[PDB]
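Structure file start39.cif; described as mmCIF, C-alpha atoms.
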data_input
#
loop_
_atom_site.label_atom_id
_atom_site.label_comp_id
_atom_site.auth_asym_id
_atom_site.auth_seq_id
_atom_site.Cartn_x
_atom_site.Cartn_y
_atom_site.Cartn_z
CA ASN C 1 -13.65 -21.30 8.88
CA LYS C 2 -10.40 -19.36 8.51
CA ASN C 3 -10.14 -16.98 5.54
CA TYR C 4 -6.98 -15.49 4.02
CA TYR C 5 -6.77 -12.36 1.87
CA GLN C 6 -4.37 -11.12 -0.79
CA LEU C 7 -3.96 -7.82 -2.55
CA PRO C 8 -4.03 -9.06 -6.17
CA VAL C 9 -0.71 -8.83 -8.00
CA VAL C 10 -1.36 -7.78 -11.60
CA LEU C 11 15.28 1.28 -13.31
CA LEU C 12 13.31 1.48 -10.03
CA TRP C 13 13.98 -0.56 -6.88
CA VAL C 14 11.07 -0.64 -4.44
CA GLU C 15 13.42 -1.04 -1.49
CA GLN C 16 11.00 -1.50 1.39
CA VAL C 17 7.48 -0.90 2.64
CA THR C 18 7.16 -0.40 6.39
CA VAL C 19 4.00 -0.72 8.48
CA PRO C 20 3.65 -0.09 12.23
CA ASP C 21 2.96 -2.94 14.65
CA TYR C 22 -0.84 -2.80 14.53
CA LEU C 23 -0.79 -3.39 10.76
CA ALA C 24 1.97 -6.06 11.01
CA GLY C 25 -0.11 -8.74 12.72
CA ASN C 26 -1.76 -11.68 11.03
CA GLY C 27 -5.27 -10.24 10.89
CA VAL C 28 -6.88 -7.63 8.66
CA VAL C 29 -7.61 -4.40 10.55
CA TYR C 30 -11.05 -2.89 11.01
CA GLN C 31 -11.57 0.46 12.76
CA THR C 32 -14.71 0.06 14.90
CA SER C 33 -14.76 3.54 16.46
CA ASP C 34 -12.83 6.79 16.38
CA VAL C 35 -10.26 5.36 18.82
CA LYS C 36 -10.28 1.57 18.33
CA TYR C 37 -8.65 -0.70 15.74
CA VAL C 38 -9.40 -4.43 15.85
CA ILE C 39 -7.24 -7.17 14.35
CA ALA C 40 -9.42 -9.96 12.97
CA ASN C 41 -8.80 -13.45 14.34
CA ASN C 42 -10.35 -15.43 11.49
CA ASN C 43 -9.69 -13.12 8.50
CA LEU C 44 -5.95 -12.98 7.97
CA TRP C 45 -3.49 -11.80 5.35
CA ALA C 46 -2.30 -14.64 3.12
CA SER C 47 1.22 -13.24 3.62
CA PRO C 48 2.49 -10.34 5.76
CA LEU C 49 0.91 -7.04 4.72
CA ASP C 50 4.19 -5.17 4.25
CA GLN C 51 5.26 -7.80 1.68
CA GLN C 52 1.90 -7.61 -0.10
CA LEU C 53 2.06 -3.82 -0.21
CA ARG C 54 5.60 -4.02 -1.62
CA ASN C 55 4.75 -6.65 -4.27
CA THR C 56 1.57 -4.92 -5.43
CA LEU C 57 3.46 -1.62 -5.48
CA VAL C 58 6.06 -3.17 -7.80
CA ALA C 59 3.41 -4.61 -10.13
CA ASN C 60 1.24 -1.48 -10.20
CA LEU C 61 4.23 0.78 -10.85
CA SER C 62 5.34 -1.63 -13.59
CA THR C 63 2.02 -1.17 -15.36
CA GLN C 64 2.19 2.61 -14.79
CA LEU C 65 5.82 3.03 -16.01
CA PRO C 66 6.40 1.69 -19.53
CA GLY C 67 10.08 1.78 -20.40
CA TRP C 68 10.99 1.21 -16.74
CA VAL C 69 12.03 -1.92 -14.90
CA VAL C 70 10.46 -1.91 -11.43
CA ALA C 71 11.55 -4.62 -9.02
CA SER C 72 11.73 -5.63 -5.36
CA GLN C 73 15.35 -6.68 -5.97
CA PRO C 74 18.28 -4.33 -6.60
CA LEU C 75 18.81 -3.57 -10.29
CA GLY C 76 21.87 -1.32 -10.62
CA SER C 77 23.92 1.31 -8.86
CA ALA C 78 22.25 4.24 -10.67
CA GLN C 79 18.74 2.96 -9.91
CA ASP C 80 15.99 5.02 -8.38
CA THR C 81 14.93 3.83 -4.93
CA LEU C 82 11.44 3.98 -3.44
CA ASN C 83 10.83 3.57 0.29
CA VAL C 84 7.29 3.67 1.67
CA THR C 85 5.77 3.82 5.13
CA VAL C 86 2.09 2.82 5.25
CA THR C 87 0.57 3.93 8.54
CA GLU C 88 -3.11 3.30 7.73
CA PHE C 89 -4.53 0.45 5.70
CA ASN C 90 -7.88 -0.50 7.15
CA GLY C 91 -11.63 -0.61 6.84
CA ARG C 92 -13.79 1.62 9.01
CA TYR C 93 -17.18 1.44 10.73
CA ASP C 94 -18.68 4.00 8.31
CA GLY C 95 -18.04 1.78 5.27
CA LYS C 96 -14.85 3.58 4.24
CA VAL C 97 -11.34 2.22 3.80
CA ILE C 98 -8.37 4.42 4.70
CA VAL C 99 -4.92 4.20 3.10
CA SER C 100 -2.27 6.62 4.28
CA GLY C 101 1.46 6.95 4.81
CA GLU C 102 4.50 8.51 3.16
CA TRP C 103 6.81 7.64 0.30
CA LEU C 104 10.42 8.62 -0.31
CA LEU C 105 11.85 8.46 -3.83
CA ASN C 106 15.52 8.93 -4.65
CA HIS C 107 15.59 9.96 -8.33
CA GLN C 108 19.17 10.66 -9.53
CA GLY C 109 20.13 12.19 -6.21
CA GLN C 110 16.92 14.12 -5.61
CA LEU C 111 15.03 13.08 -2.49
CA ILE C 112 11.28 13.49 -2.85
CA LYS C 113 9.13 12.85 0.23
CA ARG C 114 5.35 12.91 -0.15
CA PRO C 115 2.64 12.09 2.38
CA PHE C 116 -0.50 10.43 1.13
CA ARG C 117 -3.96 9.87 2.56
CA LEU C 118 -6.68 8.34 0.38
CA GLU C 119 -10.15 6.94 1.08
CA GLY C 120 -12.26 4.36 -0.70
CA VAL C 121 -15.92 3.42 -0.31
CA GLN C 122 -16.99 -0.15 0.47
CA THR C 123 -20.22 -0.74 -1.46
CA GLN C 124 -20.63 -4.34 -0.17
CA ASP C 125 -20.16 -5.80 3.32
CA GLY C 126 -17.46 -8.29 4.19
CA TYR C 127 -13.69 -8.58 4.31
CA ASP C 128 -13.73 -9.67 0.66
CA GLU C 129 -14.97 -6.27 -0.53
CA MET C 130 -12.91 -4.39 2.06
CA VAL C 131 -9.69 -5.95 0.73
CA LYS C 132 -10.84 -5.36 -2.87
CA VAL C 133 -11.35 -1.64 -2.22
CA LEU C 134 -8.07 -1.33 -0.30
CA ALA C 135 -6.23 -2.93 -3.22
CA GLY C 136 -7.84 -0.45 -5.62
CA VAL C 137 -6.85 2.55 -3.49
CA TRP C 138 -3.29 1.21 -3.16
CA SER C 139 -3.18 0.98 -6.96
CA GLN C 140 -4.30 4.63 -7.14
CA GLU C 141 -1.36 5.53 -4.90
CA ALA C 142 1.01 3.73 -7.26
CA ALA C 143 -0.46 5.75 -10.15
CA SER C 144 0.18 8.97 -8.22
CA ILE C 145 3.81 7.97 -7.58
CA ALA C 146 4.32 7.10 -11.24
CA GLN C 147 2.87 10.45 -12.30
CA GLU C 148 5.47 12.24 -10.17
CA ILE C 149 8.22 10.08 -11.69
CA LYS C 150 7.14 10.86 -15.26
CA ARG C 151 7.59 14.60 -14.50
CA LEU C 152 11.33 14.00 -13.62
CA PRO C 153 14.26 13.90 -16.14
#
Spit out the file's structure as C-alpha cells when you get a sec.
Amino acid sequence: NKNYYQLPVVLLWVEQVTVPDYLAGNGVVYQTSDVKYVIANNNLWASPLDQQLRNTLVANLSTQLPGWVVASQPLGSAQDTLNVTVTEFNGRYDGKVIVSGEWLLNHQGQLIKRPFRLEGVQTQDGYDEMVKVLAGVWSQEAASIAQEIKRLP
C-alpha cells in the first residue's frame, strides 16, 4: 500500500518556509549512510513538506505566543515577518531524526537571523514514529523562536 504522512497541526506573518530540492519531493527522506539520502517511494507527504512546515510553524507559534496573531497570510503593514529555510528534515540510520536550517525574523525593523540544528530520538521503527518525532522537534524549534520574540519590545 501507499502511505501518506502529515505533521499534525495543533501580529506575525510566517511568510515562507523554503526547503532544498531533496526535501521537496513527494517522499519522506531517510538518511541511510553518512553520504546518502533516500526519498521513499511508498511513504509520501500528504502535502508538500514546505507547506506542512509552514502550517505547523504557524500553529505552534500561535500556541507559544498568547496575545499574538500568527498567520500564513499577511496581517498588516507593521507586522513581524518570519522566513525560514529548512535544510535537514529527515530520519537517519542510527535511529535519530535531524532538523536543521535557519530562520530570519523582522521585528520592528530589526533583522534577526538564527541557525538551528536539533536532533530527536526514534524509539520505535517505522515512518509513523519518524514523522511523529520530526513533528515534535519542529515544535521545539517553534518554541525557541517564540522565546526569542518574547525577549523583544
Out of C:125, C:102, C:50, C:80, which residue has the shortest atom-to-atom distance to residue C:13 when counting all atoms listed in the file?
C:80
For residue C:135, the nearest of the candidates C:22, C:89, C:37, C:68, counting only C-alpha atoms:
C:89
Written as a short mmCIF file (atom, residue, chain, number, x, y, z; two decimals) with C-alpha atoms, in the frame of the given file, which residues does the PyMOL selection byres ((chain C and resi 48) around 12) give for the file shown?
data_model
loop_
_atom_site.label_atom_id
_atom_site.label_comp_id
_atom_site.auth_asym_id
_atom_site.auth_seq_id
_atom_site.Cartn_x
_atom_site.Cartn_y
_atom_site.Cartn_z
CA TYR C 4 -6.98 -15.49 4.02
CA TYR C 5 -6.77 -12.36 1.87
CA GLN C 6 -4.37 -11.12 -0.79
CA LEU C 7 -3.96 -7.82 -2.55
CA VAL C 17 7.48 -0.90 2.64
CA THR C 18 7.16 -0.40 6.39
CA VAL C 19 4.00 -0.72 8.48
CA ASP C 21 2.96 -2.94 14.65
CA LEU C 23 -0.79 -3.39 10.76
CA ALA C 24 1.97 -6.06 11.01
CA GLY C 25 -0.11 -8.74 12.72
CA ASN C 26 -1.76 -11.68 11.03
CA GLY C 27 -5.27 -10.24 10.89
CA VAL C 28 -6.88 -7.63 8.66
CA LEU C 44 -5.95 -12.98 7.97
CA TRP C 45 -3.49 -11.80 5.35
CA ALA C 46 -2.30 -14.64 3.12
CA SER C 47 1.22 -13.24 3.62
CA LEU C 49 0.91 -7.04 4.72
CA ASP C 50 4.19 -5.17 4.25
CA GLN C 51 5.26 -7.80 1.68
CA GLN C 52 1.90 -7.61 -0.10
CA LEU C 53 2.06 -3.82 -0.21
CA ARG C 54 5.60 -4.02 -1.62
CA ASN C 55 4.75 -6.65 -4.27
#
List the residues selected by the PyMOL selection byres ((chain C and resi 29) around 6) in the file shown, writing them as an NGL selection string.
:C and (28 or 30 or 38-39 or 90)
Please identify all polymer residues within 9 Å of residue C:101, counting only C-alpha atoms, omitting same-chain residues fewer than 3 positions from it, and present them as an MDAnalysis selection string.
chainID C and resid 19 84:89 114:117
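Residues in contact with stretch 104-109 of chain C at 6 Å, where all atoms listed in the file are counted and same-chain residues fewer than 3 positions away are skipped, are listed as residues 80, 81, 82, 83, 112 and 113 of chain C.
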Given all atoms listed in the file as the counted atoms, nearest of C:20, C:42, C:139, C:124 to residue C:56
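Closest candidate: C:139.
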Check the smallest atom-to-atom distance from each of C:35, C:99, C:40, C:14 to residue C:2 using all atoms listed in the file, then report the winner.
C:40
May I ask which of the residues C:97, C:11, C:133, C:111 is the closest one to residue C:73, counting only C-alpha atoms?
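Using only C-alpha atoms, residue C:73 sits closest to C:11.
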Give the answer as one residue: which of C:100, C:65, C:92, C:146 has the shortest atom-to-atom distance to residue C:122, using all atoms listed in the file?
C:92
What does the structure give for the distance between atom CA of residue C:128 and atom CA of residue C:72, in Å to one decimal?
26.5 Å
